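*Asks:* Would you mind keeping the following structure in view while I ask a few things?
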Amino acid sequence: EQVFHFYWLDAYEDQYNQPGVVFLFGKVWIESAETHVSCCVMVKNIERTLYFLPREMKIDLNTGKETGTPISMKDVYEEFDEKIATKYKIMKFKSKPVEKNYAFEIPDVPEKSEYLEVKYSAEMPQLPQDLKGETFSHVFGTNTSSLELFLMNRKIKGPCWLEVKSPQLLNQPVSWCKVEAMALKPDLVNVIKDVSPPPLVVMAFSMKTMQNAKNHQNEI
């Protein structure tokens with residue numbers, strides 16, 4: 001295979017124009033030039049995560065008439081597939097069971113419970129924040145950002161040394177870096193601890209302007 005080390009320093013995202021892609025900029029090592037150079041890596045196909053809370057019973061959406069059959073997990077999985085996904089044009093998604101804990105201000109939520117974890121790609125639209133349905137009472141994770149989700153999932157705490165697995169080449173230069181790379185899924189990035197930080201390049205500058213005598217404007 002192929003894997004290389006990286007030292008990231010900054011990150012960037014553009015939700016409005018390129019959904020589901022996160023850039024990472026930093027330092028990489030080259031033996032031939034015996035110095036560290038700049039590099040950028042693209043992580044793509046970051047999918048949203050949504051947590052659906054199953055309702056403790058069913059509730060009719062007219063007057064809250066609970067007719068009688070208890071709510072099972074399969075009901076919640078079917079409900080999103082048949083109605084919610086169709087209503088908001090969701091093509092592909094993967095769902096599974098999870099167990100989660102809640103200890104915050106939103107009421108009518110148990111301390112420990114089983115939820116429905118659903119995931120779908122970043123190109124589909126976004127559900128409303130207050131969606132409700134037959135078998136689910138509330139939904140969490142609607143408006144999470146891609147950068148936050150990446151850092152919280154991959155357990156990155158500030159600058160660190162990273163292993164990037166299976167790099168691919170880019171069609172055209174997207175960054176002014178001397179080196180470029182890309183990855184297909186966030187699972188291919190990992191953190192290591194036993195390396196000292198590399199040196200950096202520091203630039204300072206000063207500027208002097210002058211207000212034009214005739215017109216009001218500042219020229220450097």
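Identifiers in this document derive from the order of the structure tokens: chains are assigned A, B, ..., residues are numbered from 1 separately in each chain, and ligands are numbered from 1 in order of occurrence.
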Write out as a PDB file with N, CA and C atoms, in the first residue's frame the residues lying within 12 Å of residue 195 (chain A), counting only C-alpha atoms and excluding same-chain residues fewer than 4 positions away.
*Replies:*
```pdb
ATOM      1  N   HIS A   5       3.297  10.430   6.633  1.00  0.00           N
ATOM      2  CA  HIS A   5       3.086  11.255   7.812  1.00  0.00           C
ATOM      3  C   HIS A   5       2.875  12.711   7.414  1.00  0.00           C
ATOM      4  N   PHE A   6       2.129  13.433   8.245  1.00  0.00           N
ATOM      5  CA  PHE A   6       1.716  14.800   7.966  1.00  0.00           C
ATOM      6  C   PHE A   6       1.647  15.533   9.298  1.00  0.00           C
ATOM      7  N   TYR A   7       1.832  16.851   9.279  1.00  0.00           N
ATOM      8  CA  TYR A   7       1.683  17.672  10.482  1.00  0.00           C
ATOM      9  C   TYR A   7       0.736  18.818  10.148  1.00  0.00           C
ATOM     10  N   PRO A 159      -2.822  20.537  17.025  1.00  0.00           N
ATOM     11  CA  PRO A 159      -1.774  20.027  16.136  1.00  0.00           C
ATOM     12  C   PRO A 159      -1.231  18.692  16.621  1.00  0.00           C
ATOM     13  N   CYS A 160      -0.955  17.807  15.669  1.00  0.00           N
ATOM     14  CA  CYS A 160      -0.450  16.473  15.961  1.00  0.00           C
ATOM     15  C   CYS A 160       0.074  15.876  14.665  1.00  0.00           C
ATOM     16  N   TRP A 161       0.772  14.753  14.793  1.00  0.00           N
ATOM     17  CA  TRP A 161       1.267  14.024  13.635  1.00  0.00           C
ATOM     18  C   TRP A 161       0.235  12.993  13.197  1.00  0.00           C
ATOM     19  N   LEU A 162      -0.033  12.961  11.894  1.00  0.00           N
ATOM     20  CA  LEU A 162      -1.111  12.162  11.337  1.00  0.00           C
ATOM     21  C   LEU A 162      -0.575  11.226  10.265  1.00  0.00           C
ATOM     22  N   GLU A 163      -1.106  10.010  10.252  1.00  0.00           N
ATOM     23  CA  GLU A 163      -0.875   9.051   9.183  1.00  0.00           C
ATOM     24  C   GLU A 163      -2.045   9.116   8.214  1.00  0.00           C
ATOM     25  N   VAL A 191      -3.952   9.300  14.149  1.00  0.00           N
ATOM     26  CA  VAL A 191      -3.061  10.158  14.924  1.00  0.00           C
ATOM     27  C   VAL A 191      -1.974   9.317  15.580  1.00  0.00           C
TER      28      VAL A 191
END
```
*Asks:* If you count only C-alpha atoms, which residues fall within 7 Å of residue 166 (chain A), apart from same-chain ones fewer than 6 positions away, as an NGL selection string?
*Replies:* :A and (1-3 or 183)
*Asks:* Suppose we keep N, CA, C and O atoms; can you now write the selection as a compact mmCIF listing (two decimals), in the first residue's frame?
*Replies:*
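Writing the result to selection27.txt gives the following:
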```
# COMPACT_ATOMS: atom_id res chain seq x y z
N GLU A 1 0.83 -1.20 0.00
CA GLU A 1 0.00 0.00 0.00
C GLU A 1 0.86 1.26 0.00
O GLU A 1 1.98 1.25 -0.51
N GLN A 2 0.34 2.34 0.58
CA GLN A 2 1.06 3.60 0.64
C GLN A 2 0.48 4.44 1.77
O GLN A 2 -0.74 4.59 1.87
N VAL A 3 1.36 4.97 2.61
CA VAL A 3 0.97 5.79 3.75
C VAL A 3 2.10 6.76 4.06
O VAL A 3 3.28 6.42 3.91
N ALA A 183 -7.79 11.97 0.12
CA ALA A 183 -8.29 10.73 0.67
C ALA A 183 -9.78 10.61 0.39
O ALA A 183 -10.47 11.61 0.23
```
*Asks:* Using DSSP secondary structure from the backbone, list all alpha helix (DSSP H) positions within region 17-172 of chain A, as a list in words.
*Replies:*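 Residues meeting the alpha helix (DSSP H) criterion: residues 73, 74, 75, 76, 77, 78, 79, 85, 86, 87, 146, 147, 148, 149, 150, 151, 152, 153 and 154 of chain A.
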*Asks:* Write out as a PyMOL selection string which residues come within 7 Å of residue 59 (chain A) when counting only C-alpha atoms, dropping same-chain ones fewer than 6 positions away.
*Replies:* chain A and resi 65-66+134
*Asks:* Residues of chain A classed as strand (DSSP E) by DSSP on the backbone are to be reported as a PyMOL selection string.
*Replies:* chain A and resi 3-14+18-30+35-43+48-54+94-101+112-120+136-140+161-165+179-183+189-192+210-211+218-219
*Asks:* One number please: CA of residue 57 (chain A) to CA of residue 131 (chain A), in Å, one decimal.
*Replies:* 17.4 Å
*Asks:* Tell me which of A:30, A:18, A:212, A:71 sits closest to residue 178 (chain A), counting only C-alpha atoms.
*Replies:*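 Among the listed residues, A:30 lies closest to residue 178 (chain A).
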*Asks:* With only C-alpha atoms as the basis for distance, which of A:154, A:138, A:216, A:112 is at the shortest distance from residue 186 (chain A)?
*Replies:*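 Between A:154, A:138, A:216, A:112, the residue approaching residue 186 (chain A) most closely is A:154.
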*Asks:* Counting only C-alpha atoms, what is within 10 Å of residue 100 (chain A), bar same-chain residues fewer than 2 positions away, as a PyMOL selection string?
*Replies:* chain A and resi 51+53+97-98+102+110-116
*Asks:* For region 10-13 of chain A, please output as a ChimeraX atom specification all residues within 8 Å (counting only C-alpha atoms; exclusion window: fewer than 4 positions along the same chain).
*Replies:* /A:18,21-26,146-147
*Asks:* Write the selection just made, keeping N, CA and C atoms, as a PDB file, in the first residue's frame?
*Replies:*
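Everything below was put into part.pdb:
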```pdb
ATOM      1  N   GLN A  18     -18.948  23.698  -1.659  1.00  0.00           N
ATOM      2  CA  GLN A  18     -18.410  22.339  -1.747  1.00  0.00           C
ATOM      3  C   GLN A  18     -18.792  21.581  -0.481  1.00  0.00           C
ATOM      4  N   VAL A  21     -16.512  18.321   2.125  1.00  0.00           N
ATOM      5  CA  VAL A  21     -15.077  18.244   1.886  1.00  0.00           C
ATOM      6  C   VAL A  21     -14.371  19.146   2.888  1.00  0.00           C
ATOM      7  N   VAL A  22     -13.263  18.657   3.440  1.00  0.00           N
ATOM      8  CA  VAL A  22     -12.483  19.403   4.418  1.00  0.00           C
ATOM      9  C   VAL A  22     -11.023  19.385   3.987  1.00  0.00           C
ATOM     10  N   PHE A  23     -10.384  20.548   4.024  1.00  0.00           N
ATOM     11  CA  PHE A  23      -8.987  20.677   3.646  1.00  0.00           C
ATOM     12  C   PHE A  23      -8.123  20.711   4.899  1.00  0.00           C
ATOM     13  N   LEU A  24      -6.916  20.166   4.789  1.00  0.00           N
ATOM     14  CA  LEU A  24      -5.946  20.220   5.871  1.00  0.00           C
ATOM     15  C   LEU A  24      -4.609  20.674   5.313  1.00  0.00           C
ATOM     16  N   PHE A  25      -4.003  21.658   5.968  1.00  0.00           N
ATOM     17  CA  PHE A  25      -2.752  22.248   5.515  1.00  0.00           C
ATOM     18  C   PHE A  25      -1.689  22.047   6.581  1.00  0.00           C
ATOM     19  N   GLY A  26      -0.457  21.796   6.147  1.00  0.00           N
ATOM     20  CA  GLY A  26       0.624  21.643   7.099  1.00  0.00           C
ATOM     21  C   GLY A  26       1.977  21.311   6.505  1.00  0.00           C
ATOM     22  N   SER A 146     -19.333  19.821   9.177  1.00  0.00           N
ATOM     23  CA  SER A 146     -18.476  18.723   8.741  1.00  0.00           C
ATOM     24  C   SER A 146     -17.140  18.732   9.473  1.00  0.00           C
ATOM     25  N   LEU A 147     -16.557  19.917   9.671  1.00  0.00           N
ATOM     26  CA  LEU A 147     -15.268  20.015  10.349  1.00  0.00           C
ATOM     27  C   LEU A 147     -15.363  19.513  11.784  1.00  0.00           C
TER      28      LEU A 147
END
```
*Asks:* When you look at region 77-94 of chain A with a cut-off of 10 Å (counting only C-alpha atoms), what residues show up, excluding the ones that are within fewer than 5 positions of it in the same chain? I need them as a ChimeraX atom specification.
*Replies:* /A:47-49,52,54,72,116-121,123-128,131-136
*Asks:* Of the candidates A:170, A:75, A:41, A:36, which one gets nearest to residue 188 (chain A) if we count only C-alpha atoms?
*Replies:*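 Looking only at the distances to residue 188 (chain A), the closest residue turns out to be A:41.
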*Asks:* What does the distance from CA of residue 76 (chain A) to CA of residue 150 (chain A) come to in Å, to one decimal?
*Replies:*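 Between CA of residue 76 (chain A) and CA of residue 150 (chain A) the gap works out to 26.7 Å.
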